[PDB]
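Q: I'd like to ask you about the structure that follows.
The values are calculated or read from the model by the stated rules, or taken from the named source; nothing here is a laboratory result. We place every Cβ from the backbone using ideal geometry, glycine too, and count neighbours over all the protein chains shown.
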RNA sequence: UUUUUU
């Protein structure tokens, strides 16, 4: 016995099902450390940063510089750059920089390079943000001529630079989303932690450009995604770098799916009686559809934004406009968030907003079956807590 | 299509 609604669902299931050809693909130069000297890791990090922040070097190369700023943290970096090589979609090279001598400039290499190339980066060292001051990345001038006597502070500086990056990985879109203040709040609470010094802040202009670079490059984000997957996978007892990554992770995830999760929070997870209504159901049915599509998606699910796949479009807030508006109007009254921006659509319905207001304005109504059948609640207590809400 | 706080 096929029922009409049931076959309605059977129709809405086939549609929601989620080798790819090979195109032209450009080489990405990538740098690889070898050495055990703290001085050498220090110059490697300053160098990869002065590359990353170039005013004149082409794109793939700044990409590679950033890959290196994100790779430099490790000790044994052979296997981590092999894990870089594991991703067959792009194409990366090794360039064993073999270390540099006491003079900062020479890139002394044995394999696969040339001394004319031998003049460009160093030429590119000269690459400088005319807008940026002191002509250096770190805002306190007399910092980079420092002595890393031990490996621990060199690590810690690497951590701070990379974490400045990992913070700026969120709000990843292309327009200049202003997340400087939230970046600053997280820098401040990482100062509450203390793993990052106040002494090593970058220039925020160059940082936002580093962000713009991050999102213009496809595979550096893919590397971020794999970084973050191996971060979420590892437990607590480990090395500090994964702990920074996984700690910042919960701020990276779940991005751009925001109205969808507002609906989850306010619209549904409160199960107010107006949720039950004449029609709002159909969009609820589709809500649990995208739920099933979220769970059986799963392993790349908290990361579609960064991932970039078109399927999020299936996470369109627009088909929910009725529900979506209600859940919002209510959050607008009940919660005091989102009031400082335009978080609204033109495909909205006005009445269900008005009703989210009216329904949220009278908190006498929140009665749940759950606590009722939990505490054997009286009518006396019901009308009592009502008088409380009459405040 | 994207636009909080943690």
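Q: Any residue at all in region A:157-170 that is within 11 Å of RNA strand B (Cβ to nearest atom), assigned by TED's automatic domain parsing to the domain that holds residue A:71 and under 27 Å from residue A:217 (Cβ atoms)? Before the answer, list the steps.
A: So the first thing to find is which residues in region A:157-170 are within 11 Å of RNA strand B (Cβ to nearest atom), and the list is A:170.
With the extra rule that they be assigned by TED's automatic domain parsing to the domain that holds residue A:71, the set shrinks to A:170.
With the extra rule that they be under 27 Å from residue A:217 (Cβ atoms), the set shrinks to A:170.
The answer is yes, given that some residue of region A:157-170 is within 11 Å of RNA strand B (Cβ to nearest atom), assigned by TED's automatic domain parsing to the domain that holds residue A:71 and under 27 Å from residue A:217 (Cβ atoms).
Q: Can you tell me which of (1) surrounded by 14 or more Cβ atoms within 10 Å (Cβ to Cβ); (2) away from RNA strand B (no atom under 16 Å from the Cβ); (3) not in a loop (DSSP other than H, G, I, E, B) is the one residue A:363 doesn't meet?
A: (3)
Q: If a residue must be more than 14 Å from RNA strand B (Cβ to nearest atom), surrounded by fewer than 17 Cβ atoms within 10 Å (Cβ to Cβ) and over 19 Å from the mean Cα position of the chain (by Cα), how many such residues does region A:178-222 contain?
A: Of the residues in that region, 6 qualify.
Q: Residue A:88 fails exactly one of the following numbered conditions: (1) away from RNA strand B (no atom under 16 Å from the Cβ); (2) closer than 30 Å to residue A:305 by Cβ; (3) in contact with a helix residue (DSSP H, G or I) (Cβ under 9 Å, 6 or more places away or on another chain); (4) in a loop (DSSP other than H, G, I, E, B). What is the number of that condition?
A: For residue A:88, the exception is condition (3).
Q: Evaluate the following for residue A:158: is it assigned to a helix (DSSP H, G or I), touching a helix residue (DSSP H, G or I) at 6+ places or on another chain (Cβ under 8 Å) and farther than 25 Å from residue A:249 by Cα?
A: Working: assigned to a helix (DSSP H, G or I): yes; touching a helix residue (DSSP H, G or I) at 6+ places or on another chain (Cβ under 8 Å): yes; farther than 25 Å from residue A:249 by Cα: no.
Considered against the rule, which asks whether it is assigned to a helix (DSSP H, G or I), touching a helix residue (DSSP H, G or I) at 6+ places or on another chain (Cβ under 8 Å) and farther than 25 Å from residue A:249 by Cα, residue A:158 comes out as no.
Q: Separate question: Any residue at all in region A:64-86 that is farther than 21 Å from residue A:246 by Cα and surrounded by 21 or more Cβ atoms within 10 Å (Cβ to Cβ)? Step through it out loud before you land on a result.
A: Initially, region A:64-86 is screened for residues farther than 21 Å from residue A:246 by Cα, giving A:64-65, A:78, A:82, A:85-86.
Narrowing the set further to residues that are surrounded by 21 or more Cβ atoms within 10 Å (Cβ to Cβ) leaves A:64-65.
Yes.
Q: Regarding residue A:292, is this residue out of contact with any helix residue (DSSP H, G or I) (no Cβ under 6 Å at 6 or more places or on another chain) and assigned to a loop (DSSP other than H, G, I, E, B)? Walk me through how you get there before you give the answer.
A: Details: out of contact with any helix residue (DSSP H, G or I) (no Cβ under 6 Å at 6 or more places or on another chain): yes; assigned to a loop (DSSP other than H, G, I, E, B): no.
The answer is no for residue A:292.
Conditions (1) surrounded by 14 or more Cβ atoms within 10 Å (Cβ to Cβ); (2) within 16 Å of RNA strand B (Cβ to nearest atom); (3) in a loop (DSSP other than H, G, I, E, B), marked per residue:
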{"position": "A:224", "(1), (2), (3)": "yes, no, no"}
{"position": "A:228", "(1), (2), (3)": "yes, yes, no"}
{"position": "A:236", "(1), (2), (3)": "no, no, yes"}
{"position": "A:242", "(1), (2), (3)": "yes, no, no"}
{"position": "A:245", "(1), (2), (3)": "yes, no, no"}
{"position": "A:251", "(1), (2), (3)": "yes, yes, no"}
{"position": "A:255", "(1), (2), (3)": "yes, yes, yes"}
{"position": "A:262", "(1), (2), (3)": "yes, yes, no"}
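Q: Quick one: what pairs do we get from region A:146-158, first residue more than 17 Å from residue A:245 (Cβ to Cβ), second assigned to a loop (DSSP other than H, G, I, E, B), C-beta under 7 Å, 6+ apart or different chains?
A: Taking only residues 6 or more apart or on different chains, the pairs are A:154/A:148.
Q: Is there a residue being within 16 Å of RNA strand B (Cβ to nearest atom) and either closer than 27 Å to residue A:281 by Cα or in contact with a strand residue (DSSP E or B) (Cβ under 8 Å, 6 or more places away or on another chain) (or both) anywhere in region A:367-375? Step through it out loud before you land on a result.
A: Looking only at region A:367-375, we keep the residues that are within 16 Å of RNA strand B (Cβ to nearest atom), and these are none.
No, because not a single residue in region A:367-375 is within 16 Å of RNA strand B (Cβ to nearest atom) and either closer than 27 Å to residue A:281 by Cα or in contact with a strand residue (DSSP E or B) (Cβ under 8 Å, 6 or more places away or on another chain) (or both).
Q: So, one more: Count, please, the residues in region A:302-314 that happen to be touching a helix residue (DSSP H, G or I) at 6+ places or on another chain (Cβ under 6 Å) and either under 21 Å from residue A:274 (Cβ atoms) or surrounded by fewer than 18 Cβ atoms within 10 Å (Cβ to Cβ) (or both).
A: Within region A:302-314, residues that are touching a helix residue (DSSP H, G or I) at 6+ places or on another chain (Cβ under 6 Å) and either under 21 Å from residue A:274 (Cβ atoms) or surrounded by fewer than 18 Cβ atoms within 10 Å (Cβ to Cβ) (or both) number 1.
Q: Is there a residue being in a helix (DSSP H, G or I) and exposed (fewer than 13 other Cβ atoms within 10 Å of the Cβ) anywhere in region A:165-177?
A: Of region A:165-177, the ones in a helix (DSSP H, G or I) are A:165-167.
In the following step, the residues that additionally are exposed (fewer than 13 other Cβ atoms within 10 Å of the Cβ) were identified as none.
No, region A:165-177 contains no residue that is in a helix (DSSP H, G or I) and exposed (fewer than 13 other Cβ atoms within 10 Å of the Cβ).
Q: If you take the residues of region A:69-81 that are more than 24 Å from the chain's Cα centre (by Cα) and assigned to a helix (DSSP H, G or I), which of them is farthest from residue A:36 (Cα to Cα)?
A: This residue is A:79.
Q: What's the number of the condition residue A:338 fails, among (1) surrounded by 14 or more Cβ atoms within 10 Å (Cβ to Cβ); (2) in a helix (DSSP H, G or I); (3) within 16 Å of RNA strand B (Cβ to nearest atom)?
A: Unmet condition: (2).
Q: Does residue A:283 count as part of a helix (DSSP H, G or I), within 16 Å of RNA strand B (Cβ to nearest atom), under 21 Å from residue A:89 (Cβ atoms) and not assigned by TED's automatic domain parsing to the domain that holds residue A:134?
A: Details: part of a helix (DSSP H, G or I): yes; within 16 Å of RNA strand B (Cβ to nearest atom): yes; under 21 Å from residue A:89 (Cβ atoms): no; not assigned by TED's automatic domain parsing to the domain that holds residue A:134: yes.
Here the answer is no, as residue A:283 does not meet what is asked.
Q: Among the residues that make up region A:295-309, is at least one of them closer than 30 Å to residue A:366 by Cβ, more than 16 Å from RNA strand B (Cβ to nearest atom) and over 19 Å from the mean Cα position of the chain (by Cα)?
A: Yes, some residue in region A:295-309 is closer than 30 Å to residue A:366 by Cβ, more than 16 Å from RNA strand B (Cβ to nearest atom) and over 19 Å from the mean Cα position of the chain (by Cα).
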